[PDB]
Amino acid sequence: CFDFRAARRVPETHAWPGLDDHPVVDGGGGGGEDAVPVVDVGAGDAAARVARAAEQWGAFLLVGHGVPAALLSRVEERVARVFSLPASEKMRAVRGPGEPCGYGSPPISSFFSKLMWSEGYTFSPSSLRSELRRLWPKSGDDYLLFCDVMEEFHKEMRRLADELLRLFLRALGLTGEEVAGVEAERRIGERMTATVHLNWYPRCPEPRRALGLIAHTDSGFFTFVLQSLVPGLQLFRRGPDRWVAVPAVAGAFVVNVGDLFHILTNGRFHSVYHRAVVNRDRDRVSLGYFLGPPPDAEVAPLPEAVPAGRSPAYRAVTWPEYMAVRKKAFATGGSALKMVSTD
């Protein structure tokens, strides 16, 4: 389709009016009130740092996670490789209307009239080998290397995801022994599912006009973002309204808290609104690794998160139910969280 590589300007179909409505501030370590929080997952005070970041930002940089740097670099190379394929091959794996996986813009794109300056690809790690055969129907080197790197990455990330979930629950102020009780009763970590979305943001000749990824919250529990060392992720903060530019830090993931975790925590942990901007000089690739419940599980505020005497702030919803609420929210200009809230 549209050739991002050849465009010498951004055409009106790809031009967004609002983009500088709010100021952008630096979120590096010298950024003050707006330095993005960093959490070292192996530090003894990780739970406390996760608490503060989840409450005040809904996001944090994550270091010390143990995922080998050599593996992360191979992941980024494979991801770049998918998007350097010819258009004709990519379209062989197109994600058709309403389909969950394949090559194409993510589902938020269909709700907006202007088009994003990026490409995407969604797959589920649990059926990676079969899904990726749509892209490489005769298998071969690129296919086998891609599946090998993504399989190993999924094994490391699913473990990290279980470690982070335990930290998030501790960060509600529960002891390790109480968290074990929650996990034993609800099996949240045992049951959560992972989905991957790959993003390619090509260089853009008029960055003030184009938008890499439409501003949104993630719908699920929480997401790990792995990105090339080119900046572009921005996190919205209020009072006053502003975008915080997340720094590109070697060996960090960014964790974003999503809507269903806002529900799970009775509103305690913020679901972060975020977007990705393009840039003039460098392409960059990112991968989101999205955690959420299985399709049959109801998500409602945890009793341990609801203060004593108080009522739950949100109704119970399954993820498929909540996706329908999101779709309605996108069309009507509303907020899916408000729509399932008890007020």
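Residue positions are given as counts along the sequence shown, with the first one as 1.
The mean C-alpha temperature factor is higher for 308-316 when 51-59 and 308-316 are set side by side. Higher average CA B factor: 97-105, of the stretches 97-105 and 210-218. Note on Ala171, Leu260, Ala248, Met157: the highest value goes to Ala248, judged by CA B factor as recorded. Of all the options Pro301, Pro294, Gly288, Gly66, the entry's greatest CA B-factor is assigned to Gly66.
The deposited CA B-factor of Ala336 belongs to the lowest third of values across its chain. Among the modelled residues of its chain, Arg92 has a C-alpha B-factor that falls in the highest third, as given in the PDB entry. Sort the modelled residues of the chain by CA B factor and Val225 lands in the lowest third.
Placement of the Cα temperature factor of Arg326 within the chain: lowest third of the modelled residues, per the deposited record. In the PDB entry, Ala35 places in the middle third of its chain by CA B-factor.
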